[PDB]
């Protein structure tokens, strides 16, 4: 099984084109994955990816190429990487405010939602706590009493059974002695 030379073009697409939308996707994941985003069970990345990949659009455009192309690509790779890398940074810059504004906005949204929710939730949790604190004290002496009685009941049983186990052991011993 040989390896397609087009893998080199695929790598250039991933590294220098799709990185832009992937970073976009990562900013969205941070929203989806936040403590509050999970609270809401946000699923937001359906249809995020376009159907046709950047790689397909490149191969489709370049059309078929010769071995001269691949030898020329291998010749220019480092100089093309350098120049592609500066185009990528010039675009990353242009796009960064959108990503910044998105990150700040969903956090604003979540905070504004936390304010409407966390207080009412805190309250109920507080009162539930204070009513439970008021109940682990009433059943507290009730517990150490049941345990004392339970222990007394078991010691009584253990004691009641003892003479009967002795009687059995003595009947066995006497039957065994008869085999001497």
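Positions refer to the first chain, counted from 1.
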Exercise. Which has higher Cα B-factors on average according to the PDB entry: 126-134 or 52-60?
Worked result: 126-134
Problem set entry | Higher-scoring stretch by recorded Cα B factor average, 140-148 or 117-125 | 117-125
Exercise. Per the entry, which of 44, 65, 112, 154 tops the list for Cα B factor?
Worked result: 112
Exercise. Hey, what third does residue 39 fall into on Cα B-factor, ranked over its chain?
Worked result: highest
Exercise. By its CA B factor, does residue 8 count among the lowest, middle or highest third of the modelled residues in the chain?
Worked result: lowest
Exercise. Would the CA B-factor of residue 104 place it in the lowest, middle or highest third of its chain?
Worked result: lowest
